[PDB]
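>>> fold the following.
(chains A, B, C and D, ligands or ions: 4)
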Amino acid sequence: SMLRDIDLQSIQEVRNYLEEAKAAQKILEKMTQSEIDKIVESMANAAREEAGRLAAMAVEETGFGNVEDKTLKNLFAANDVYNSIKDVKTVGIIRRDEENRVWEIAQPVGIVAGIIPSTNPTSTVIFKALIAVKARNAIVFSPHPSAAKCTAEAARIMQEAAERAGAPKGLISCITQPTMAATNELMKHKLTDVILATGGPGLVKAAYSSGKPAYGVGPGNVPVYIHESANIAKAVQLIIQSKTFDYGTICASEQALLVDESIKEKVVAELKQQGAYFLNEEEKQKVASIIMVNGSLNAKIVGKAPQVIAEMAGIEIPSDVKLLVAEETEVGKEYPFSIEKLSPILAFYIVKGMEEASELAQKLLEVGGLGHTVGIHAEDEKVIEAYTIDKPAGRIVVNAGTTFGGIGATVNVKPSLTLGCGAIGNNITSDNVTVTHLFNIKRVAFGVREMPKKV
Amino acid sequence: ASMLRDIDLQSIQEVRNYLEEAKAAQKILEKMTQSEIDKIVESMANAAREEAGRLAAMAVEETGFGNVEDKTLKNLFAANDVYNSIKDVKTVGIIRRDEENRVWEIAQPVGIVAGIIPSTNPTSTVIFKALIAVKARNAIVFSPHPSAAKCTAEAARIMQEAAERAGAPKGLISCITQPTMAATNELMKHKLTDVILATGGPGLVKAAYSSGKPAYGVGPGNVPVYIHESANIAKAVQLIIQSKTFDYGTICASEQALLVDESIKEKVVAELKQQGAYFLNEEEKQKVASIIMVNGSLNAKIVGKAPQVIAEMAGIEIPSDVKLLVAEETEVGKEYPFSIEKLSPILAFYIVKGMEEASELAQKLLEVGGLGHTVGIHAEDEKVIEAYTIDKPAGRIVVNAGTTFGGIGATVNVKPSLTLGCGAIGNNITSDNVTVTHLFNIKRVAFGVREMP
Amino acid sequence: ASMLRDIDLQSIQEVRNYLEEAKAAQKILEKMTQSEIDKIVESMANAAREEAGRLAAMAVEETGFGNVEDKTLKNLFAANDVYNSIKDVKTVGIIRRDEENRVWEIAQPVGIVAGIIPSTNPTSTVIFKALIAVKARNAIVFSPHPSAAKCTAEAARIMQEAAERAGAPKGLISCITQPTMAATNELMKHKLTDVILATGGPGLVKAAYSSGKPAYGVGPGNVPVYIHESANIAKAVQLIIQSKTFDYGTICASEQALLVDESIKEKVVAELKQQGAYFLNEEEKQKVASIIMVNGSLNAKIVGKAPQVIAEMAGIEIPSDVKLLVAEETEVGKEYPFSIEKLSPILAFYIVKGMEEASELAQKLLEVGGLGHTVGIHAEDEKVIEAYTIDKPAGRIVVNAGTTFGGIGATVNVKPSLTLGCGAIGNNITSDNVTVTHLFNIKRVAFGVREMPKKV
Amino acid sequence: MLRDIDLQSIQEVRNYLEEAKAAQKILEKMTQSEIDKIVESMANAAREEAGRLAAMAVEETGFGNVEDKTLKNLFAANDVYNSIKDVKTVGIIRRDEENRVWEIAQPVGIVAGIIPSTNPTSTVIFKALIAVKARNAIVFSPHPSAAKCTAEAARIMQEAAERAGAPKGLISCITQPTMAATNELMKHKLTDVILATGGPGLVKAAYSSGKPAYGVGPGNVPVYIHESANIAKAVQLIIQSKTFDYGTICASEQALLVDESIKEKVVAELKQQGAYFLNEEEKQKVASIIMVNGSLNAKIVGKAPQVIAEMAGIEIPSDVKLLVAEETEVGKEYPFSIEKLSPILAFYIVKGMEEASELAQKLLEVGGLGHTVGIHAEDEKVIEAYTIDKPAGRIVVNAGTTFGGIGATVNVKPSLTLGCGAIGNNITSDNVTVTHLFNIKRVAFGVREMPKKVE
Ligand SMILES: Nc1ncnc2c1ncn2[C@@H]1O[C@H](COP(=O)(O)OP(=O)(O)OC[C@H]2O[C@@H](O)[C@H](O)[C@@H]2O)[C@@H](O)[C@H]1O
Ligand SMILES: Nc1ncnc2c1ncn2[C@@H]1O[C@H](COP(=O)(O)OP(=O)(O)O)[C@@H](O)[C@H]1O
Ligand SMILES: Nc1ncnc2c1ncn2[C@@H]1O[C@H](COP(=O)(O)OP(=O)(O)O)[C@@H](O)[C@H]1O
Ligand SMILES: Nc1ncnc2c1ncn2[C@@H]1O[C@H](COP(=O)(O)OP(=O)(O)O)[C@@H](O)[C@H]1O
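Numbers count the residues shown, from 1 in each chain, chains lettered A, B, ... in the order given. Ligands and ions are numbered 1, 2, ... in the order given. Let me share the structure:
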């Protein structure tokens, strides 16, 4: 009669972590800015040394992507995120407004529950560990099952690096054998203060039903408009690099191109030259047959090199092909090329001008991309202003790859791997989530006006 | 063939009718210019201002809470201060450009807002929520507390009518007429509900963060106020009494306990009595205590009641000019009724040796249903203020002001609001005074500025 | 359907109305004499009889299952056999005295009954449940299957109107006109509902026993029939074909697989063919197999359809005088469409070496969605019958009879019923054929006849 | 409270059900004679341990007294055993040759047995006997305040059963009772039937479990003393029943209804046999401790009168056998009109049979519907008239309702699980016994031809 079952063991595990995190966070909350910053620096530096190994671990365990790109993915969290927060004041009085007689104090949310995706398992741990601790919180991680080990390993490195710099034990922890029982327990336990839910909509929904404050994400289905004023060579190059990054595993990555008829041929030609393989009618359907199983995305094509996809669909492509492209006209969840494909596959739509492009992008976003990301390539300022203004996306990327743009690598939004899709994407915010979401502001404010007694 | 009858089913259908009309209304509204929106918002605030007294009378009459003068002032806070704080906010289209970084921001409405309305601030809260929601280009559907169903609906009606006159679409502002759990649940989980603004007790707030929907909740207050020996006592007492006795203590943020430095105790007692306080003796105390808590929870019947009314209920006898009741206290806990949030002109009175002992009791008082809400201190020595305030878990830390008027942003520079988020510690997504910027998302147009290695 | 969106609210409100009306009617009914009750029930059985054909034709027309001749007989079974088995049952006041034990028994109506009706037996099940419920002095509120809403509703009206002509109160018998989960949920959990009679799919029955109310549910059948080498083969095939093809196989207790001794295999095949069975060759079997299941369960579109219609749907070709389809089979499981409950004129045909192998296989077939329901055997060796039947988990173990007519108590002496409890093993509170004695509680008046001791 | 008691207790239930699964399959294979030998050995051990369990039960729960609990245990060991020992439960139990029908006994499988706080050890014995006799396994769940004595009772049963051939795991008991465990037990895949002897909350839960269940209801038994009653004999019978184990059995007298014409004699006779009639001052003090919050006060359950008196702060002679209180009102807020589970008796004056019936009806609606009523009378025509319209499964004539209700002194089946029929949310009004724990399979021969066509 000692606990034997995995659901039950995992609950016990979560409970221990929470007890230890509470005690750890109390200690951490008392430290100075400089004490905190030394801990954060050690972690980022630690992430930097292990970024390649963890990248390789993630590739090995998940079968997604490639080692070089995941290595770069880890460094983004270890470098860019770190740089974006290292100088942020998170301790004590963070703002004084002398003339209005008010000052702001940073206040930790306490204990954070972090849900980690399979696609970005190691990098997402870092990004969250960094911003959480910078704000003086504890954090308990819940991995995607198919990536439990490398995720846990990423967490370990953060804790141990933190500890070397003086952090208490249990500040950073991770469920080692994920279960439904464990995920529910973590989200709802009284000691759990805030949920960062980076996962599919089902899990994000559970988080907004948890009784707890939650920052969730939504899925992407990013349409990109190439206007006839675009630098076509520059645009095709930027897109391919982004689309093929880690073989297209991030959710802000391009899923469909929308192209002005008048430059249609040039863009096609530029694509082919730079490594695109245009599928013919025959090949499309074979590839389409493996894109969706049932009514949802086939997991076996996710983050797979184009040669692997070619073999799987039983077609032959040159070994130097960087991405597959299929010309399409229809949009809907029964047309596999119009959905989010999370792989080096791109749909290709022709448009008459700005209006048909907008109309189509909206159609594409209505398919599970709402509030996430859109892109346009164009040199005409009036067209850019008119196109972007009414698009339902928190990230509207101009003249950049959307993968790198969406996360804040190559455009100036805050570096993040947790992209809020706003209310339209069932989220409390459309922000790239960062350290400022993980502390509350307290306002010390002085009597400055007298309240009237009579009307 | 076609019948209905049970009130719950009718209330559910009503909610469904409102949301549909709200959707259509918001889409038409969303197409309006900043100028057109701002005119609509202006009309609402004007009408609100004029009807403040009438609405105040209905709420006092329907609920039994408070008095018409203070409720009139309360409605005006919403019609004036809240309006003034949002009327110049950019909410249409591009609201910000960052030329050096090559980014610009577009305001995006959340869609349809569900506003839950408490029984204590029923008309003022509708006015406040309607202004910030419509300014952000949303529709809003209200759910009254049952004790205040009629006046709440009337508040909504006045806004819709004021708004529509100024060009707003039909169905933009609506209100459930007979509140039920069924109807509340429908409003919270429905496909058309985009965001919940939940201002109410801990039970409703928990339900809102369990709805599957993005939510801004509140928490309850239990506001402790420290009077330091450096304080201007005569000025502190006056601010305290005006705040505590406002609308007879019905706002979540009213002082509930005074922590007083031993060294000035004598002047404070004398000063309280002179300014209208009645100190209950321990016999009077046990008797008043007997009606504060009822197995279990705060006795609704003393809520927002005049001190003479409360005195009669307890079976004690007090002078007219008496403005509030005070009880001496040493203990803190659910088993000590004078230590809880009382929502009435009743104060606890604790003696402390100094700041360190003051913080300890205050911490203990907050953990009884006040965490993350509001705290107060009266003092003139700036170092004592900083040391005391730095570690208090409250989104509002009010210095040298009444906490009623401070917490809502009337008399201290916090954002005008009647929905006070209590941060993670109060089970809320934010610690801000909720206002117009919380009801639109920002979309970012951002340009390529760097190469990837 | 301008307001069809709120059908959930309408259906709920309607249920509340029906239950309130039911409460008043039953209070009144409970006061009547045995003569009055018995006079009413009789009128209901008589009206059902006259209307048997018209109801039969509505059900066939509305649902597309079955045929008019057989449904007429199904309706008459409820109107005649069920009625006759209950006509003398005492349900008012003191129903039994036991003078030497100094006990007598007083009958107590359960109150208001919630009746769930299947699409396969919509009119006949209304008739059966109405007769036994009212005989026991209860009110009953019906929930139709949505595919069968109109004919079900019509059956209830005929019972109620016929009841009124013989003196019954209004609202005694009612029926939900717009079936919904919301309404079903309301009906099962509502304050005034006392007992649930759930004759429907497994999800609906499980829900009934999750309702907080006492419930009599059913289970599905997957009836295996053993033909032992001692069987009268000519007689058996006749009984089997009649039972299996009745209403085109919609009756759960209908045969689903034959297990045939290897040693007599040649005669059975020949007799089956002569009496109207078509043996599918291996390829015909696959095309028919491919329409048996859609999405991991039975395809509703073949249910209760004529053999020629099934043939057309599968794209195969059979004579017009074929009465049922038969396929040779070796495997058992959900992945073997011929091994599941087919609810249509289709039979599986398994060869077995002897009794012990039949029993192994019989257990396996039941485990695929048939536990506690029905099994059959045809044999003339009493020892073999006894050894085979003894350990089968089925409430009805039918010997030398069609299992359709046997299961329900038409041709064997079990209680006449269209609600077949599958016992604990089938997730039911009883394995009985549900009947009138299940719809009233017994109160016992008992006299002190013994002394409690005072010291140990 | 312990943080992880719930998970280990869930585990224990799971282990028990799985051993019970294996054990029952083995038990089910035995002959009638092997089963009957087992049941007899169980009865003997219950008989031998009656006193030791009684003492444990009194001490752990604070309810009742050791002599009566010992008698209570012996009722289960003897009366129940004797009433079932000759019932056939294996194989063919009946052969109707003219009608051509064989009946075969079929065990329900695994029973979940919920045990009340009032009759912990006696109920275990009772249920273990009828469950095993019908060839089932059973897993018990105690009320937490009686966990140790309940488990001990289960332990003795299994060991008694084992010596005579039973398999291990046949009879088990949750040692750390919890909601989680109870919940796990009622809904578990391996659970076949729930026997729910407990409060109204749990019975509702059992009928909400998705499983077949036999529940009980609460009692609130009114007994009418008609002018035709033998007053001396009636009072003697009533006091014996009412004070048995200090009134802990559910079907215990709670209110007397007395004909005005014999009021005088009855009051004096009650007094003569040890009743103490409370005055207005005493009434109000006692009434104050009968319920706390708006539910029955656990501190008076099964307590001697003197203990109750002291608790209410009144004093009474040490020889007082029961407290009585004259009453006119009926309702949830009149503590003397509700079920008191202790030696307190309401006393109602009535003008005749008709007023008595109305009041009886009102008392039953206060949590006694379907359970038990009593009447003392020698007038045959009144009894018949009084009893016919009472909604109760046990209608006891000229006997104590405690012993009548359980089937000790009137001829209902000896039992400690009393069903309240449909009117009390139960599938039966029977005293539950062994025939409720096996289903009947019917072997039925062809006796008719079906005609294929109608006119
Ligand atoms: N998973 C389930 N959960 C809850 N209830 C269910 C479930 N499955 C069936 N039911 C209950 O039974 C009814 C639906 O049963 P069906 O499975 O649909 O009956 P069936 O005859 O097998 O199929 C016919 C119906 O299904 C459709 O595919 C077909 O077009 C037709 O409407 C409903 O009234 C419902 O209460
Ligand atoms: N260990 C786990 N932790 C969190 N969620 C899980 C876990 N296992 C399963 N899930 C949930 O079940 C589903 C698993 O499917 P997933 O692995 O996301 O497939 P796909 O990648 O094709 O969407 C998701 O909705 C996920 O939230
Ligand atoms: N609008 C509403 N509709 C339905 N129920 C409500 C509503 N507002 C509050 N409630 C319920 O009533 C409670 C309010 O507390 P209550 O005791 O009625 O008044 P108070 O405590 O403010 O004096 C909440 O906890 C909530 O569960
Ligand atoms: N199966 C169970 N296991 C543990 N506790 C239970 C169970 N059923 C009810 N309770 C608890 O028992 C208490 C109610 O006891 P009650 O049923 O009133 O006992 P009594 O019958 O002696 O009056 C509640 O606190 C409830 O949580």
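>>> give me the number of neighbouring residues for residue A:334.
Here the count is done by other CB atoms under 10 Å in any protein chain shown, and residue A:334 has 9 residues near it. (Each C-beta comes from the backbone N, C-alpha and C, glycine too.)
>>> which SS class is it?
Assigned by DSSP: H, G, I helix; E, B strand; the rest coil, the conformation of residue A:334 is coil.
>>> and it, backbone torsions?
Dihedral pair for residue A:334: phi -100, psi -10, per degrees, to the nearest 10.
>>> distance of it relative to chain D?
37 Å (CB to the nearest CB, to the nearest Å).
>>> and if you look at residue A:431?
Taking CB to the nearest CB, one finds residue A:431 at 37 Å from chain D.
>>> what's the nearest residue to that residue once chain neighbours are set aside in contact with, if anything?
Closest residue in space to residue A:431, ignoring its immediate chain neighbours: residue A:420 at 5.1 Å, by CB to CB, 6 or more residues apart in numbering or on different chains. For residue A:420, the contacting residues are A:215-218, A:371, A:394, A:427-433, by CB atoms under 8 Å, 6 or more residues apart in numbering or on different chains.
>>> what's the answer for residue A:442, then?
Residue A:442 is in contact with A:104, A:105, A:106, A:107, B:392, B:394, B:395, B:396, B:397, B:423, B:431, counting by CB under 8 Å, 6+ apart.
>>> CA atoms only: put the helix or strand harbouring it into CSV for me.
Residue A:442 is part of strand A:439-446, with elements assigned from DSSP states H and E. Provided in CSV are the C-alpha atoms of strand A:439-446 (Å, rounded to 0.1, in the frame of the first residue of the first chain):
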residue,chain,number,x,y,z
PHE,A,439,5.1,41.4,-11.4
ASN,A,440,2.1,43.6,-10.3
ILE,A,441,2.6,47.3,-9.7
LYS,A,442,1.8,48.7,-6.3
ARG,A,443,1.1,52.4,-6.1
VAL,A,444,2.1,54.5,-3.1
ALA,A,445,0.0,57.7,-3.6
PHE,A,446,-0.4,60.7,-1.4
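>>> what separates that strand from the chain centre, distance-wise?
Chain-centre distance of strand A:439-446: 30 Å, with CA atoms, centre = their mean, to the nearest Å.
>>> returning to what we had before: of the contacts of residue A:442, closest to ligand 2?
Distance to ligand 2, by CB to the nearest ligand atom, is smallest for residue B:423 among the contacts of residue A:442, at 27.1 Å.
>>> and the residue in the stretch 101-250 of chain A positioned nearest to ligand 3, its phi and psi?
Nearest residue of the stretch 101-250 of chain A to ligand 3 (CB to the nearest ligand atom) works out as residue A:211 at 14.3 Å. In terms of degrees, to the nearest 10, the main-chain angles of residue A:211 are phi 90, psi 0.
>>> repeat that for residue A:297.
phi -60, psi 130.
>>> likewise for residue A:194?
The phi/psi pair for residue A:194 (degrees, to the nearest 10) is phi -140, psi 140.
>>> list the contacts of the spatially closest residue to it that is not a sequence neighbour.
Spatial nearest neighbour of residue A:194, excluding adjacent residues (CB to CB, 6+ apart): residue A:109 at 4.5 Å. Taking CB under 8 Å, 6+ apart as the contact definition, residue A:109 lies against A:135, A:137, A:193, A:194, A:213, A:438, A:439, A:440, B:423, B:424, B:425.
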